[PDB]
Amino acid sequence: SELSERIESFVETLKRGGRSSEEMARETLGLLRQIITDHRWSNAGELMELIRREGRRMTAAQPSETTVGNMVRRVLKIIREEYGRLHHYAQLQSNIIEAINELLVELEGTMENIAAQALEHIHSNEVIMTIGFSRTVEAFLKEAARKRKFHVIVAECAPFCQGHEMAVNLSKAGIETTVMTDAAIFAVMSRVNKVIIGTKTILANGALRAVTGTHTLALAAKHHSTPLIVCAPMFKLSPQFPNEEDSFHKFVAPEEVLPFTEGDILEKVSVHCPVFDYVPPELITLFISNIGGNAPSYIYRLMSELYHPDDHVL
Amino acid sequence: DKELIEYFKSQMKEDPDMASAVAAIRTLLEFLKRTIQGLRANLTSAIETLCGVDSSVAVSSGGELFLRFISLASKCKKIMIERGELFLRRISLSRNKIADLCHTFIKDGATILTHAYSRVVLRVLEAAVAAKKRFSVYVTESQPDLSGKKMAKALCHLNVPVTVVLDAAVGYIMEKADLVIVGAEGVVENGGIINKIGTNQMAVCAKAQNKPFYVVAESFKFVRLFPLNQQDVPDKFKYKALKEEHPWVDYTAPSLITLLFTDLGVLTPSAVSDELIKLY
Amino acid sequence: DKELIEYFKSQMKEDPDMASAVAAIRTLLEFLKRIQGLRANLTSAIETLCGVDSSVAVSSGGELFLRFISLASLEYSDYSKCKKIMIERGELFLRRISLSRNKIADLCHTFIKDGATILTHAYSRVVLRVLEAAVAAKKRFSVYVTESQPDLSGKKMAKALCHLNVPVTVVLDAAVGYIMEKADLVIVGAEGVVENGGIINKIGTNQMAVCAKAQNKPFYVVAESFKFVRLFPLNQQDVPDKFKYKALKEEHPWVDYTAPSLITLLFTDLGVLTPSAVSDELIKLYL
Ligand SMILES: O=P(O)(O)OC[C@H]1O[C@](O)(CO)[C@@H](O)[C@@H]1O
Ligand SMILES: O=P(O)(O)OC[C@H]1O[C@](O)(CO)[C@@H](O)[C@@H]1O
């Protein structure tokens, strides 16, 4: 069928890596909406087994891409809460759809509601320092740049120099930007007033898996007591704790770090190149969500009203 | 009134693996088998006499939850014993849930450091070796009851390399420890724990080297105390009943604790407080 | 070669209050009384004396005496005149460290407030002298002492300190973090002071210090001049197995390294020292 082929198309795109995180969540919702429409299912139990199986294969496709797993769990919570309030229900197939639509308009407004709180956290003559290239943080820095005037230091992330296109994006909007070399984070930390970063994933204890320089960044921010603000919406909120059994690191080709033209020493040197870096929650100051700016120590509560505890493990 | 104490001692006798608070709940519920208006007055005397014979926090905490897990329902004595039997059925599965959540936090080839003796840390390691993880355990021979040696004799049967380190040598072997797993004797309202004497300096050393300090408590150990120092722990709990001080418990601040693996899911220390606010 | 060990044990016997390193100095000095092969004989005496005690103080206290006499040999050389300048210089060195504990007490007893409540580790003949001089200056305080397993030296100290009419409490070895807020200051006696200014004391001193800096209690160390050993540990593994071990599996190290960031001041023989200052003195004690 069209839907099945689109499911393995999504899974193989996840495996190979061929988009932003908000587009990832939007495509996941579109896929799961299709799954609950076009498949035949009698009651909610079979559909939860189906959604669980497909979420298991999309999660096992790329386990470090947790936006798809989060949106699978959000849809599962929606299914078991739109079936709870009706407790084979005929209108249930419609009801979940509407909630999914109410989720999809909760999305596409996540970046605006995070950007609305920019002026409350960025002041005139401020110096902000960021790391990766996250669309949430650039909209945050481009909504605060409409009124106030500040300096932003975009420390590039070294293997995939992606703070380059961030500082190109920010300098087009008139923010006076500085590109760093990622070795100077402790050097320029004395000047920096706030650190605003984005995440790949917010783990359930308030810790976060982010771009590979963010822990080396957060240690400097904690050393100089600079507040580390984290701009990240509620699809990036994953209910997984940082256990050693599950691997959260992603490792890419060493050609990003040590090129293939080095030659014979590549048979002896072990080059690694991870792309994600665990930041423990005691180095964090705030999470600017789409629903506010609450502390890391509140994140567990945001788990309980987003994901059911039976849906943590799929 | 007197048969209660000997029956509680019996419930110790036929199974030592069953926790002290669970023994208190069992003898309390069997006392409830034997006017029902103001029956909280009868059971409060039972709680006071049960905390008389055992000074531990869990006996005066788990028994307090059973004083109110039956009082959340407010003849009514039958629904009381039914809901209490459900309470006992759902705390016989506490250690298994804790083990299932916590053994995934031990890396393969790790080297944990534990404290005196606890049926929960022992169960966490028993589930971790049943998941084909391999590690080594450092256990402190905790003075004065020497229960570190009891744990290491109870854990050598699991074919784990266990070392009965000195009680003073925690700061020495803390750098040879990947993570610290202790079993709380009570979890106070701010998320910190009340545990066998020496747990505090295990934590303070651990945070000095950023070793994760994991606590594996249970749901009934959530007590409503809020200590601010080691003074604020009551003398009911500290003193079990050449000048010597000799407490038996001390308070560990919630900043020193990385995570609690309680019965009701993995919690940050800050996540403990509303889990006490919900029970009120 | 064997009578050396017997004489060292005798100096332990008829003088228990005398330090282990001073006993090593005395027996090695008598061995000196019995050109450049004599330096090799004294080095063999160091090896045989450290082989039977294994404290940091013995292999440091005797090792300064290998240098306090060889410094005079840099000035002049002889065959028997050098031996006599060696014995009149070693006697000066030995009688200049018989006054060490009194100098440490005079410097350190002014750091105890009236009505204070100190915390001390196992048993130090220097901490005992600091408190003995502090009660002789009409200060009154409380002493918390850890029993400090395995040899229970804390009970020996509290029995040796109850005669001073001081309220002394033999706290449990695990309960440092408990009573640590009941302590105004921490006084410990180092068994050796390493090159960064940190100390090597009986096991459990480290977690006494780590708790101290956790509550900003001042952690005072009362060592002596001959305990300045030239080691530079970076962790507890870097302490040699010579010093850690005197001999369901037991581990039992007997010493552990305390980082110099945890130490507030050292009350050595040669004045009150910042932990940084120790390093300079070590350079001066080895050029
Ligand atoms: O055996 P339990 O119920 O886990 O008790 C945990 C704690 O209580 C003690 O057994 C007594 O304090 C401690 O040794 C232990 O850390
Ligand atoms: O003061 P003393 O007797 O020379 O030794 C000081 C330290 O060495 C020990 O006696 C043994 O390590 C410790 O008890 C003491 O802290």
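Residues numbered from 1 in each chain as written, not as in the entry; some residues may be left out. Chains lettered and ligands numbered in written order. Part of a larger assembly, values for the part shown. Heavy atoms only, no water. Residues with missing side-chain atoms left out of burial classes, pairs and counts.

This deposited entry lists cryo-EM as its structure determination method and 2.91 Å as its resolution.

Undergrad: What am I meant to see in the interface of chain B and chain C here?
TA: Think of interface size as the accessible area that goes away when the parts come together; that is how it is often given. Counting from both sides, the interface comprises 41 residues of chain B and, opposite them, 40 residues of chain C. In the sheet, strand β3 (residues 162-165) of chain B pairs with strand β8 (residues 249-250) of chain C via 2 bridges, with the strands oriented parallel. For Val 164 of chain B, the partnering residue across the bridge sits in β8 of chain C and is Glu 250 of chain C. (Contact = heavy atoms within 4.5 Å. Pairing = 2+ DSSP bridges. Helix = DSSP H or I, 4+ residues; strand = E, 2+ residues; numbered from the N terminus.)

Undergrad: Is there a simple way to think about the site of ligand 2 in this case?
TA: Residues and elements named next belong to chain C. Every residue near ligand 2 is listed here: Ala 122, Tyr 123, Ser 124, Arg 125, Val 126, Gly 189, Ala 190, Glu 191, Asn 201, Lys 202 and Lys 227. Backbone polar atom of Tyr 123 to an oxygen atom of ligand 2: 2.8 Å apart, as the coordinates give it. Between an oxygen atom of ligand 2 and a side-chain N or O atom of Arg 125, the distance comes to 2.6 Å. The fraction of the free accessible surface of ligand 2 (390 Å²) that becomes covered by protein chains is 89%. (Near = heavy atom within 4 Å. Polar contact = N/O pair within 3.5 Å; in protein donor to acceptor, adjacent residues only side chain to side chain. Areas by Shrake-Rupley, 256 points an atom, 1.4 Å probe, with all protein chains shown as cover.)

Undergrad: Help me understand helix α3 (residues 37-53) of chain C, please; the structure alone is not making it clear to me.
TA: Given 3.6 residues per helical turn, the α-helix brings residues three or four places apart onto the same face. The end-to-end C-alpha distance of α3 of chain C, which contains 17 residues, comes to 25 Å, matching closely the 24 Å that a straight helix rising 1.5 Å per residue would cover. In the segment just after α3 of chain C, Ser 54 of chain C is the residue with positive phi, at about 65 degrees. (Expected span 1.5 Å × (residues − 1).)

Undergrad: Is there a simple way to explain unusual backbone geometry in this structure?
TA: Among all residues save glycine, negative phi is the norm, and among peptide bonds the norm is trans. Following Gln 143 of chain B, the chain continues to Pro 144 of chain B via a peptide bond in cis, the omega torsion being 0 degrees. With respect to the helices and strands, the residue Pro 144 of chain B is situated in the loop between β2 (135-140) and α8 (147-155). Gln 149 of chain C connects to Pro 150 of chain C through a cis peptide bond whose omega is 5 degrees. Among the secondary structure elements, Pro 150 of chain C is positioned in the loop between β2 (142-146) and α9 (153-161). One non-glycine residue, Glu 108 of chain A, lies in positive phi territory at about 60 degrees.

Undergrad: How should the domain arrangement of chain C be read in this particular structure?
TA: Residue and element names in this part refer to chain C. Domains assigned within chain C are domain 1 (2-103) and domain 2 (104-286). Between the C-alpha centres of domain 1 and domain 2 the distance comes to 26 Å. Tallying the contact residues gives 24 residues for domain 1 and 23 residues for domain 2. Here domain 1 meets domain 2 over a buried area of about 2,000 Å², counting both sides, of which 56% is carbon and sulfur. When the buried area of domain 1 at its contact with domain 2 is split by residue, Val 56, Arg 101 and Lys 103 rank highest and sum to 32% of it. At the junction of domain 1 with domain 2, the criterion picks out 1 salt bridge. Among the ionic pairs, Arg 101 bridges to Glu 224, the shortest N-O distance being 3.9 Å. At the boundary of domain 1 and domain 2, one finds 14 residue pairs in polar contact. Put simply, the parts of the chain that give the side of domain 1 that touches domain 2 at least two residues each are α2 (20-32), α4 (56-68) and α7 (100-108). The biggest single contributor to the side of domain 1 that touches domain 2 is α4, with 8 residues. (Domains from an automatic or database assignment. Buried area = accessible area lost by both parts, 1.4 Å probe. Salt bridge = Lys/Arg side-chain N within 4 Å of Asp/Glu carboxyl O.)

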